[PDB]
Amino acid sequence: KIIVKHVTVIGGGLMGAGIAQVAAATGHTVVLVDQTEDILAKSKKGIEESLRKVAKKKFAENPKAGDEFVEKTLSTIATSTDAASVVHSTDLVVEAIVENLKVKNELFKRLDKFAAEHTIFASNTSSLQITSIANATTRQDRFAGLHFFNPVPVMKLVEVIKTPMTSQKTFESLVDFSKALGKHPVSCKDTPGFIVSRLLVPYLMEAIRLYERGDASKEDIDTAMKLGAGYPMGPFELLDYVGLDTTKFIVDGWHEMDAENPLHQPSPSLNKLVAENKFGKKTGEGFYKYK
């Protein structure tokens, strides 16, 4: 029954940075890891811009206590370009790297041999089998799924995924952590896409196909879903927000797992934007352009 205090987050992208932010904002020590020192600097800078907003809401009439919160949270976030030299002693490792099974497995097979025994390994994957990633180590009882939602500082949901090997103890800890993070945990079975993604991704593709079919423009499709279904964002806005590259990897993943399923049929327009390095908000341009 380990209490999570020291957290290691691998990947300082859209999800990783946010996870680190929230983890730090709620009094946990965090070590954010990524490829280069430039990347980290960018992630850390992003986490700050995100904290300024969270600032106006918790400390509006208090500018002094405003900076305090921001400085302290950034301070509780250490950075490193070497995972192995950080996970030697950590309470939990939350992986948030490229959506690719092979790459994730290699990373965990490696860290498994460095991290202390009590350490717990968690994948924030959107569409992969926790069991498949977990069986890349010899710590499956301490391996599980811990899925966050973009933007991590806003979305309250966290899907805690147990594999048939995950221990109750591992589970409970991750549950407590989720609540310590001020999030709402929901235990899910280890099925592709879990809940939210299994239902949101297929829907996002369809909206693309409706566009590819020639029946409507992206703008009207977005307007329609927001004013008609009350959705926060149109399906194309959301795609761009989440990242076209990430969406593609998810879909290509499910496609291999079952090519006959017409619901995993990859999109030409999506693949073309990715091949042109237009991943949405990330690169400054996806279906839409951003300044």
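Start at 1 and count along the sequence shown; that's the residue number.
In this entry, the higher average B-factor at the C-alpha atoms falls on 58 to 66, of the pair 58 to 66 and 37 to 45. Relative to one another, 148 to 156 and 123 to 131 have unequal mean CA B-factors, and 123 to 131 is the one with the higher figure.
Listed residues 205, 181, 93, 111 were ranked by CA B-factor as deposited; 111 comes out on top.
Note on 116, 221, 199, 161: the highest value goes to 116, judged by CA B factor as recorded. In this PDB entry, residue 89 carries a Cα temperature factor that places it within the highest third of its chain's modelled residues. Looking at the C-alpha B-factors along this chain, the one for residue 106 belongs to the highest third. Ranked against the other modelled residues of its chain, the C-alpha B-factor of residue 273 as given in the entry falls in the middle third. Split the chain's modelled residues into thirds by C-alpha temperature factor. Residue 231 is in the lowest one. The deposited CA B-factor of residue 242 belongs to the middle third of values across its chain.
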